[PDB]
Amino acid sequence: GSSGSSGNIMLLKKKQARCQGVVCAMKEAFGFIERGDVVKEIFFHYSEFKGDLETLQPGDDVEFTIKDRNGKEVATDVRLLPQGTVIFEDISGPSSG
């Protein structure tokens, strides 16, 4: 009997896709994100924004995931993006992401 309950072994977790842009609108309740290659924008609420509401300007790059929201397309679970030009360092490892 070879067929049965099997497990415990390497597991590949390759990334799928994502959508990011630039915070063009700055308000004390909600804002909008602008796209580069494409011209599609969405409405994101700061309440969902998971970052530093204290220091966010002028328009730090941000990420989001378009869902199948009924009515309009909004961005849920917004997460700020990393700095632009990366700088060398002495931290060799798997890194995040």
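Scoring rules and cut-offs
- Residues numbered from 1 in each chain as written, not as in the entry; some residues may be left out.
- Heavy atoms only, no water.
- Helix = DSSP H or I, 4+ residues; strand = E, 2+ residues; numbered from the N terminus.
- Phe/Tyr/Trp six-rings, centres within 6.5 Å; stacked < 30°, edge-to-face > 60°.
- Patch = residues over 30% accessible without salt bridge, like charges linked within 9 Å, V, L, I, M, F, W, Y side chains within 5 Å.
- Areas by Shrake-Rupley, 256 points an atom, 1.4 Å probe, with all protein chains shown as cover.
- Salt bridge = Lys/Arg side-chain N within 4 Å of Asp/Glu carboxyl O.
- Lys, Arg positive; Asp, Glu negative; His and termini not counted.
- Charge placed at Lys NZ, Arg CZ, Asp CG, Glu CD.
- Core = buried A, V, L, I, M, F, W, Y, C linked by side-chain atoms within 4.5 Å.
- Buried < 20%, exposed > 50% of the residue type's maximum accessible area, 1.4 Å probe, protein only.

(A) Region of interest: the environment of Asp61. Considering the arrangement of structural elements, one finds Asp61 in strand β4 (residues 61-66). Distance in space between the C-alpha atoms of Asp61 and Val22 is 4.7 Å, their sequence separation being 39 residues.

(B) The packing of aromatic side chains, seen in detail. In this structure the tally under the stated criterion is four aromatic pairs. Note on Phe32 and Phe43: the rings are 5.6 Å apart at their centroids and 70° apart in plane angle, and the pair reads as edge-to-face. Taken together, the positions of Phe32 in strand β2 (residues 30-34) and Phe43 in strand β3 (residues 42-45) put the pair 11 residues apart, joining distant regions of the chain.

(C) The arrangement of the environment of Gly51 in detail. Its location among the elements puts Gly51 in the loop between β3 and β4. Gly51 sits 24 residues away from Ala75 along the chain, and the two C-alpha atoms are 14 Å apart.

(D) Geometry of a positive patch on the surface. Together, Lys13, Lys15, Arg18 and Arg79 make up a region of like positive charge exposed at the surface. By secondary structure assignment, the location of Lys13 is in the segment before β1 (19-23).

(E) Focus on the nonpolar core. Counting 12 residues, the largest nonpolar core consists of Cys19, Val23, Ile33, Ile42, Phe44, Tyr46, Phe49, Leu56, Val62, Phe64, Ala75 and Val78. Of all the elements in the fold, those that place two or more residues in this core are β1, β3, β4 and β5 (75-80).

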